[PDB]
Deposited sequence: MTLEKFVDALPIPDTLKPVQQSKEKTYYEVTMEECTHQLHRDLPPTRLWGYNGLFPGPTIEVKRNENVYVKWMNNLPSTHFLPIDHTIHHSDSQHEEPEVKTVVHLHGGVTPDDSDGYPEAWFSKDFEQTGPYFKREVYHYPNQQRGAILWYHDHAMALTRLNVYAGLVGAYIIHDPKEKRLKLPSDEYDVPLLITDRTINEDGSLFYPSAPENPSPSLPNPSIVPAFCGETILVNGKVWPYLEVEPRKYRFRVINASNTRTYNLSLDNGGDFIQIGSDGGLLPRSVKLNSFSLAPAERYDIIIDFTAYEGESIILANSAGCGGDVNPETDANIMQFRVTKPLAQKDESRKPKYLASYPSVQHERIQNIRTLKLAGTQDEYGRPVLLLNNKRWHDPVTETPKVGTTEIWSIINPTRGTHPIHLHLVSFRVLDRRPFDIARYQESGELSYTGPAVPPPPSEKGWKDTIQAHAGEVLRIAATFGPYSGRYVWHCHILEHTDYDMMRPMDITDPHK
C-alpha cells in the first residue's frame, strides 16, 4: 500500500473576495475538473474542485459579516463517477448545488437538493431561485463546511472532491486567546480508494452483484482504502512545540473515525458543530461521524522532537488495519518556535445551552426505517416516507420542539438538521424485536444524558442502533423550505432525506 507520512499536509489558502466593502463581501467560486497529486508515489488524480482545488479554499468570515458567494458550475457535461439512473425519476446528468453546512441561511441560499444547476446555470432544478447565495452569518462562531448537495448525486459529487472549510470568527472570542493564525489549522478528513493509475475508484455496484441489480447501482455504504487529510494521503505536519487549534471536519461519505494520539496524549475539545462548548473537555479519544466537527486544542509543548500519529480505531466494513486506515496523519514536533506561545486553553468558554428556557411546542417521534426496491436493494427511509412524499416535518418559526429519533436498524446514522443547531437531551436503549413486531416502544434501560462533548450545540448527531435519541431545537430565525437527513451520503441519496418546512403562521 502507499507509504505513510511522506507528503506535507496542505493547508488550503484562505479565499480572497472579488469585492469587499464594510457593507458587503462578495466571493466567486467556480467548480472545475482539475488534476492533483494525492500522494508522492501516485500520478495526478482527476478531481472536481471548488476553484479547481481539493479541498476547496477555506473561507473565513466574521460573525454578522454580510457575505455573498456566487457558486458556479464549470464542470464537464458527463460525470467521471458511476451514475445510478434508477434512484431518481431532459435533465442534465451533472447537477450541482452548494450547501453551507451549519449555515444559518435563508432557504434559497441553503443549497436545497432540487435547487441544482448545470454548467453556467443553463438548466436549473424546480426549486432554484438565485445564482448568488447570501450568508448573513448571524450565528455563533463555529466550524462550518461547504459541500455539494445535488439531488441523487451528493455521494458522487462530494466524493469527486467538492468540499471545503468555512470558519465563522466571532470577535468576542478573541479575548479567550485560543491558538490563532498559523496555529489554527483545519483538518478535513476524507477516505478514498485510489487506482494504480491515480484515478479515483468508486464502486459501480455492490461486490458480487445480484443479476437483478441495475448497472451502475448505488451501494449502501462506502469505505475507502486510504485516508487523506486536506487532500493528501496519510500526510505529516511539522508543528512547533506549543498549543495548536485544529478544526477537525469529517468530510467522508460513510466512514466514522475514532481518533486518538498514539503516544496516549490528550485532546482538549473547545467546540462542537454549533460552536464553543460551555466548558473545555479533556479527551483521550473521540468519535467523529460524517459531517461532525470537533474544535480541539493539542498541546505539543512537552513533545518536542517527537512524531505522534493521529490514530483511528473505528472499523469500516471490518476491523481497522494497523497498516492503513488505523492511521490518519502524523505530527512531527520539529518546527522551531516563531515566537512565545501566548495562546491559552481556558476552561470557561461560553454560556451553557441549558440557560435557555424555551417552551416545548411539539414532540416529534421519528423512526429510521426503510423498505426494499424491485431490484432487492435497501431503500433507507425517514418515517417510511420518500423524499418526494408530502412534507410532514413542519415546525413553526421561533418555536422549540423535542425530536425523538427511534433507531431500530443495526447501524448508527448521523442525523443532520439544516438551519438550526440543537441540544442533545439523552439516549435510551429499547427492545428492537418488540418494536419491529408491534411498533411498541419498550425501554431496556434508563435514559443516558449526553457526554460533555455533547453538552453544547450540535447539528449532526450519532443516533446509535437500538436507541431512542432525544434532541431539542428552536426553529429559526428564518422560515422556509429546508431539509433533514442522515449524513451517510450513500443513505442520503436513497432515500434517507426529507423536506423540513419551517412555517410562519
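K.L.:
So which bits of the deposited chain never got modelled?
P.N.:
Seq positions lacking coordinates: 1, 91-95, 512-513.
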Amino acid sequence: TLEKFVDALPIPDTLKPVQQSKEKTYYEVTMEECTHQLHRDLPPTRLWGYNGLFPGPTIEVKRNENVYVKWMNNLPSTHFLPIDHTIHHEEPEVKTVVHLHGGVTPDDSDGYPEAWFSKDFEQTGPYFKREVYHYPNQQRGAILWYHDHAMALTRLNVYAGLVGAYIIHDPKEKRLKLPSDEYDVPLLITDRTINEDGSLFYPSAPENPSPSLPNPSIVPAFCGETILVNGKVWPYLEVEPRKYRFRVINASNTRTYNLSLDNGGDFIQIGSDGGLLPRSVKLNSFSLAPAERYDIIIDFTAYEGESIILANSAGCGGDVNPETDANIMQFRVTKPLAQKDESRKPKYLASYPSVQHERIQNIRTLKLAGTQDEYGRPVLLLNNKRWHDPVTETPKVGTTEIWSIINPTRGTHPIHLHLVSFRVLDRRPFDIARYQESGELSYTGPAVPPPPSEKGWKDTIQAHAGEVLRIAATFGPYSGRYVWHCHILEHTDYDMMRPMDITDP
From here on, numbers count along this sequence of modelled residues.
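K.L.:
Quick check: 400-408 versus 228-236, which has the larger average CA B-factor in the record?
P.N.:
According to the PDB entry, the answer is 400-408.
K.L.:
Taking the mean of the C-alpha B-factors per stretch from the entry, tell me the winner out of 421-429 and 123-131.
P.N.:
Of 123-131 and 421-429, the stretch with the higher C-alpha B-factor average is 421-429.
K.L.:
For the CA B factor values reported in this entry, which option in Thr105, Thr365, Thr190, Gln269 has the top one?
P.N.:
Comparing C-alpha B-factors across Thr105, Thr365, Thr190, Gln269, the maximum falls on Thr365.
K.L.:
Looking at the C-alpha B-factor values in the deposited entry, which of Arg377, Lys95, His149, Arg242 comes out highest?
P.N.:
Reading the PDB entry, the winner on C-alpha B-factor is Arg377.
K.L.:
Should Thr460 be placed in the lowest, middle or highest third of its chain by the C-alpha B factor in the entry?
P.N.:
Bottom third by C-alpha B-factor.
K.L.:
Please say which third, lowest, middle or highest, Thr35 falls into when its CA temperature factor is compared across its chain.
P.N.:
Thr35: CA B-factor falls in the highest third of its chain.
K.L.:
By the record's CA B-factor, is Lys24 among the lowest, middle or highest third of residues in the chain?
P.N.:
Within its chain, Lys24 is a middle-third residue by C-alpha B-factor, going by the deposited values.
K.L.:
Split the chain's modelled residues into thirds by Cα B-factor; is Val69 in the lowest, middle or highest one?
P.N.:
Answer is lowest: the recorded C-alpha B-factor places it there.
K.L.:
Compare the C-alpha B factor of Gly476 with those of the other modelled residues in its chain, then answer lowest, middle or highest third.
P.N.:
According to the entry, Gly476 has a C-alpha B-factor in the chain's middle third.
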